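Everything on this sheet refers to the single structure shown next.
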Amino acid sequence: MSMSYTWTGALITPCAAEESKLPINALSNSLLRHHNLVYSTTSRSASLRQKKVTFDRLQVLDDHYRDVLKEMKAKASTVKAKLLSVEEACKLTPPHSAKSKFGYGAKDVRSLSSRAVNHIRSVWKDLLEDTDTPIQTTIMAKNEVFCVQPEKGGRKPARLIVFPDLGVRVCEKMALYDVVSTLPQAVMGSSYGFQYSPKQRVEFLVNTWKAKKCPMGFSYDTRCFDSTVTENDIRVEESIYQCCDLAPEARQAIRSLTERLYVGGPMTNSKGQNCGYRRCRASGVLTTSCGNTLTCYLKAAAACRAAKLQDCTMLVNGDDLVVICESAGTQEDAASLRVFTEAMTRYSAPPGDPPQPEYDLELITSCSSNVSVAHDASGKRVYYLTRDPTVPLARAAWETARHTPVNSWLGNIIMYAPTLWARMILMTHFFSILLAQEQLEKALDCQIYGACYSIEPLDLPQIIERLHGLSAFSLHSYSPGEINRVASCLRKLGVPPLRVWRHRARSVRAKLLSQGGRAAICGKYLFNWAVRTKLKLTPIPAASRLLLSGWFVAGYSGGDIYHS
Ligand SMILES: O=C(O)C(Cc1ccc(Oc2ccccc2Br)cc1)NC(=O)[C@]12C[C@H]3C[C@H](C[C@H](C3)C1)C2
Ligand SMILES: [Cl-]
């Protein structure tokens with residue numbers, strides 16, 4: 001019986017200028033034409049999200065709960081985590097990270113400047129000596145682009161982001177970075193979804209589905225997960241971390257950061273005004289992904305035991321949960337789900353949209369995607385993940401008409417490379433401009449699982465072949481449903497139908513060819529689909545000579561992480 005937030009009256013303010021509408025770049029229209037369906041959320045709607053996230057939490061724990069928890073601790077107690085030298089942690093800080101309120105900035109932290117490392121050290125020392133005073137935090141409204149869908153009641157309010165000053169953030173890395181990158185995997189084995197690259201996630205889903213006599217799966221959408229995480233949920237997370245073999249110093253920091261940061265604390269807007277008090281999960285700390293995954297898995301697994309799902313498998317990614325089990329008859333299934341929801345609700349994690357049993361894999365949506373099918377060169381059946389490309393496109397359009405620090409279009413191209421909307425529209429549309437500006441060599445930033453990475457377009461082919469396999473360049477005969485969903489979308493937004501992109505693709509693939517080197521290996525593999533005479537595509541050598549290690553290991557959303 002504790003509120004997720006208390007508010008003072010202070011508005012959530014923006015620090016910069018917030019553009020809500022698409023500018024009208026002549027280039028933007030080379031992609032999307034109905035630029036009035038595209039929109040970005042601003043701190044103008046923050047008060048609506050505030051109502052949504054502010055609620056009371058009732059939570060009753062039980063035997064199933066305690067049994068699973070105990071099993072988790074057991075596995076946790078077999079993990080050993082080290083600390084991180086100020087230096088080591090400083091390197092994990094993104095070049096563009098928010099500057100500290102204490103004189104220095106991101107580059108100063110990255111460049112191990114003196115003033116910075118001195119504050120970072122005073123902060124660390126303060127964590128060891130004071131284990132009670134609530135650390136201060138800032139609450140900003142996020143600004144993400146979407147498309148207008150009248151079927152949902154128009155537009156959606158901006159999401160909130162709550163984070164601590166850069167000093168603290170670098171400490172968090174020193175104390176927990178190694179833990180949140182190892183504890184998760186060790187406690188929930190194969191259920192931990194961040195250990196998989198696209199090719200592996202698909203493989204884990206299909207295999208698990210096909211491994212059931214009469215498969216039955218569902219996705220469980222939790223209404224505002226972060227807001228439901230109770231203080232006991234966070235102290236429980238801590239007790240799990242504490243199971244690891246930690247340095248007496250790392251233990252004091254972890255305990256101190258839990259009591260002072262994670263379990264809640266006060267918030268101020270950009271103007272330094274007292275905004276409110278948080279008593280639920282902070283969206284912008286390092287343990288956000290690890291914490292949500294651990295806690296989402298804990299409750300879910302215990303609910304499976306109250307509902308009696310038969311031989312079930314779970315795949316968790318933060319607050320995103322998908323469950324596949326053995327069917328017990330459509331009616332018994334519907335009922336096992338209602339008890340599942342009832343158990344979850346008791347664990348302080350009610351849902352938004354109530355879960356619904358599904359019997360067709362390709363009709364399940366987890367991590368905003370679904371399995372679909374296509375065929376490789378030798379006409380073999382190949383599975384891959386995809387989604388409605390509306391948002392992806394509406395954003396790929398906004399990022400063409402306004403410069404953005406991190407661009408999703410490159411993340412989508414990588415993660416959804418085998419899809420047809422990514423290959424015929426994204427690759428085509430972008431490698432296009434990266435020629436009308438000669439930037440095939442210029443590295444660009446993008447996020448994956450939260451971690452930030454610097455990637456060069458000219459390396460996409462090797463990368464893709466690594467996450468999706470070589471088939472991803474020769475997939476044909478896509479399922480009609482999919483082909484149709486994309487086409488339907490393109491018509492909605494105003495994006496030239498697939499045929500137009502086929503033409504553009506042949507062209508682009510050309511200027512890229514009559515440019516040889518690497519720009520021609522991209523036009524060769526990334527566009528072998530826009531030419532009748534299809535050249536033979538074989539294993540890329542420079543595809544092995546690349547370690548994508550850090551990539552798919554753990555999740556770091558809101559963790560202010562930068563991988564190099
Ligand atoms: O922010 C995150 O924490 C985050 C998590 C995430 C988890 C599981 C996924 O499983 C899938 C789902 C479909 C295909 C393959 C795989 Br493994 C995909 C993404 N998003 C991104 O990494 C992304 C990467 C790229 C593409 C999207 C949007 C932005 C840019 C954020 C997800
Ligand atoms: Cl179909």
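The way I read the labels, and the way they are meant: chains A, B, ... in the order of the structure tokens, residue 1 as the first residue of every chain, and ligand 1 as the first ligand shown, with later ones counted on from there.
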
Return as a ChimeraX atom specification every polymer residue, whether protein, DNA or RNA, with at least one atom no more than 7 Å from an atom of ligand 1; count only C-alpha atoms and all ligand atoms. /A:193-194,196-198,201,317,367-369,385-386,408,411-412,415-416,446-450,555-557

Can I get the selected residues back with C-alpha atoms, as an mmCIF file, in the first residue's frame?
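part28.cif was written with the following content:
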data_model
loop_
_atom_site.group_PDB
_atom_site.id
_atom_site.type_symbol
_atom_site.label_atom_id
_atom_site.label_comp_id
_atom_site.auth_asym_id
_atom_site.auth_seq_id
_atom_site.Cartn_x
_atom_site.Cartn_y
_atom_site.Cartn_z
ATOM 1 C CA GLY A 193 16.527 -13.281 -23.719
ATOM 2 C CA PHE A 194 19.408 -10.832 -23.939
ATOM 3 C CA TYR A 196 20.557 -14.084 -28.088
ATOM 4 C CA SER A 197 21.279 -12.430 -31.428
ATOM 5 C CA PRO A 198 18.399 -12.239 -33.881
ATOM 6 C CA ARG A 201 16.080 -15.598 -30.606
ATOM 7 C CA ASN A 317 13.544 -9.225 -21.829
ATOM 8 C CA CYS A 367 9.548 -7.726 -27.975
ATOM 9 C CA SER A 368 7.377 -5.964 -30.558
ATOM 10 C CA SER A 369 7.991 -8.710 -33.103
ATOM 11 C CA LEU A 385 11.466 -11.888 -36.844
ATOM 12 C CA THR A 386 9.541 -8.834 -38.046
ATOM 13 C CA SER A 408 17.019 4.018 -35.196
ATOM 14 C CA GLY A 411 19.343 -0.303 -35.588
ATOM 15 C CA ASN A 412 16.294 -1.505 -37.511
ATOM 16 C CA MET A 415 18.066 -6.231 -36.158
ATOM 17 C CA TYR A 416 15.405 -6.600 -38.881
ATOM 18 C CA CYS A 446 22.852 3.391 -32.782
ATOM 19 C CA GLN A 447 21.622 1.478 -29.753
ATOM 20 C CA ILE A 448 21.094 -2.250 -29.305
ATOM 21 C CA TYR A 449 19.677 -3.560 -26.046
ATOM 22 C CA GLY A 450 20.415 -0.109 -24.696
ATOM 23 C CA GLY A 555 20.456 -5.570 -21.701
ATOM 24 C CA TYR A 556 21.254 -2.015 -20.650
ATOM 25 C CA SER A 557 18.276 0.186 -21.550
#

Find the spatial neighbours of residue 180 of chain A, counting only C-alpha atoms, within a cut-off of 12 Å - ignore same-chain residues fewer than 2 positions away - and output them as a PyMOL selection string. chain A and resi 76+79-82+172-178+182-187+194+237-238+240-241+244+254+285-294+553-557+559+561

May I ask you to write as a PDB file with C-alpha atoms, in the first residue's frame all residues lying at most 12 Å from ligand 2, with only C-alpha atoms and all ligand atoms counted?
ATOM      1  CA  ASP A 360      -0.200 -20.073 -34.151  1.00  0.00           C
ATOM      2  CA  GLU A 362       3.381 -16.353 -36.171  1.00  0.00           C
ATOM      3  CA  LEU A 363       0.475 -14.677 -34.362  1.00  0.00           C
ATOM      4  CA  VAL A 371       7.992 -14.965 -36.324  1.00  0.00           C
ATOM      5  CA  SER A 372       7.331 -15.101 -40.055  1.00  0.00           C
ATOM      6  CA  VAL A 373       8.629 -17.282 -42.856  1.00  0.00           C
ATOM      7  CA  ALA A 374      10.456 -17.010 -46.168  1.00  0.00           C
ATOM      8  CA  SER A 477       8.695 -15.992 -51.254  1.00  0.00           C
ATOM      9  CA  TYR A 478       7.580 -14.129 -48.150  1.00  0.00           C
ATOM     10  CA  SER A 479       4.252 -15.102 -46.588  1.00  0.00           C
ATOM     11  CA  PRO A 480       1.314 -13.090 -48.117  1.00  0.00           C
ATOM     12  CA  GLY A 481       0.169 -11.879 -44.735  1.00  0.00           C
ATOM     13  CA  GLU A 482       3.502 -10.122 -44.246  1.00  0.00           C
ATOM     14  CA  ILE A 483       3.839  -8.876 -47.816  1.00  0.00           C
ATOM     15  CA  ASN A 484       0.360  -7.508 -47.398  1.00  0.00           C
ATOM     16  CA  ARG A 485       0.917  -5.934 -43.981  1.00  0.00           C
TER      17      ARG A 485
END

If DSSP is run on the backbone, what residues of segment 204-423 of chain A are strand (DSSP E or B)? A reply as a PyMOL selection string would be ideal. chain A and resi 215-220+222+245+265-268+274-278+310-317+320-326+351+358+366+369-375+381-386

Nearest candidate to residue 19 of chain A (options A:404, A:207, A:222, A:6; using only C-alpha atoms):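 Once distances to residue 19 of chain A are computed over only C-alpha atoms, the minimum belongs to A:404.
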
How would you write, as a ChimeraX atom specification, the set of residues in segment 371-503 of chain A that DSSP gives as alpha helix (DSSP H)? /A:390-401,408-415,420-421,428-433,460-468,480-493,498-503

Pick the closest to residue 276 of chain A from A:8, A:181, A:474, A:400: which is it, counting only C-alpha atoms? A:8

Would you list the contacts of residue 141 of chain A as a PyMOL selection string, taking every protein, DNA or RNA residue within 8 Å and counting only C-alpha atoms, but skipping same-chain residues closer than 6 positions in sequence? chain A and resi 12-14+42-43+46+158-161

Please list as a short mmCIF file (atom, residue, chain, number, x, y, z; two decimals) with C-alpha atoms, in the first residue's frame every residue within 10 Å of residue 164 of chain A, counting only C-alpha atoms and excluding residues in the same chain fewer than 4 positions away.
data_model
loop_
_atom_site.label_atom_id
_atom_site.label_comp_id
_atom_site.auth_asym_id
_atom_site.auth_seq_id
_atom_site.Cartn_x
_atom_site.Cartn_y
_atom_site.Cartn_z
CA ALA A 98 24.19 14.13 -20.01
CA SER A 100 27.09 16.44 -14.52
CA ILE A 135 20.38 10.61 -3.87
CA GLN A 136 18.78 13.33 -6.03
CA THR A 137 17.42 12.60 -9.53
CA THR A 138 16.07 14.37 -12.62
CA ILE A 139 12.78 13.59 -14.37
CA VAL A 168 26.62 8.57 -9.56
CA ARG A 169 26.19 6.94 -12.98
CA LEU A 261 18.98 5.33 -5.25
CA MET A 267 13.10 14.25 -8.36
CA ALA A 282 13.88 4.31 -11.85
CA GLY A 284 17.28 5.56 -16.09
CA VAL A 285 19.67 3.70 -13.79
#

Work out how far apart atom CA of residue 398 of chain A and atom CA of residue 150 of chain A are and give it in Å to one decimal. 20.4 Å

Please identify all polymer residues within 8 Å of residue 131 of chain A, counting only C-alpha atoms, omitting same-chain residues fewer than 4 positions from it, and present them as a ChimeraX atom specification. /A:127,255-257,259-260

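Using only C-alpha atoms, the contacts of residue 344 of chain A at a cut-off of 7 Å, with sequence neighbours closer than 5 positions omitted, comprise residues 299, 300, 303, 349 and 350 of chain A.
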
Export of prior selection with N, CA, C and O atoms as a short mmCIF file (atom, residue, chain, number, x, y, z; two decimals), in the first residue's frame:
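The resulting file, part.cif, is shown below:
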data_model
loop_
_atom_site.label_atom_id
_atom_site.label_comp_id
_atom_site.auth_asym_id
_atom_site.auth_seq_id
_atom_site.Cartn_x
_atom_site.Cartn_y
_atom_site.Cartn_z
N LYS A 299 8.29 -13.07 -10.57
CA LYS A 299 6.85 -13.12 -10.46
C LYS A 299 6.19 -14.07 -11.48
O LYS A 299 5.38 -14.91 -11.11
N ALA A 300 6.56 -13.93 -12.75
CA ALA A 300 6.00 -14.76 -13.82
C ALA A 300 6.16 -16.25 -13.56
O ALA A 300 5.20 -17.00 -13.65
N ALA A 303 3.90 -17.35 -10.94
CA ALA A 303 2.50 -17.34 -11.38
C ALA A 303 2.22 -18.60 -12.22
O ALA A 303 1.12 -19.15 -12.17
N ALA A 349 1.65 -6.64 -10.31
CA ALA A 349 2.05 -6.60 -11.72
C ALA A 349 0.85 -6.93 -12.59
O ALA A 349 0.90 -7.84 -13.42
N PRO A 350 -0.25 -6.20 -12.41
CA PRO A 350 -1.45 -6.44 -13.21
C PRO A 350 -1.13 -6.13 -14.67
O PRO A 350 -0.14 -5.48 -14.96
#

For residue 249 of chain A, the nearest of the candidates A:226, A:465, A:129, A:560, counting only C-alpha atoms: A:129

Here is a test: counting only C-alpha atoms, which residue of A:513, A:464, A:37, A:53 is nearest to residue 278 of chain A? A:53

Choose the residue, out of A:200, A:380, A:217, A:494, that has the smallest atom-to-atom separation from residue 328 of chain A; count only C-alpha atoms. A:217

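Atom pair atom CA of residue 96 of chain A / atom CA of residue 453 of chain A: separated by 11.9 Å.
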
Selected residue, from A:275, A:123, A:234, A:72, that lies nearest to residue 9 of chain A when counting only C-alpha atoms: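 Using only C-alpha atoms, residue 9 of chain A sits closest to A:275.
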
Excluding segment 495-502 of chain A and residues on its chain fewer than 3 positions from it, collect all residues at most 9 Å away from it, counting only C-alpha atoms, and give them as a PyMOL selection string. chain A and resi 29-34+393+421+424-425+428-429+486-487+489-492+505-507+529-531
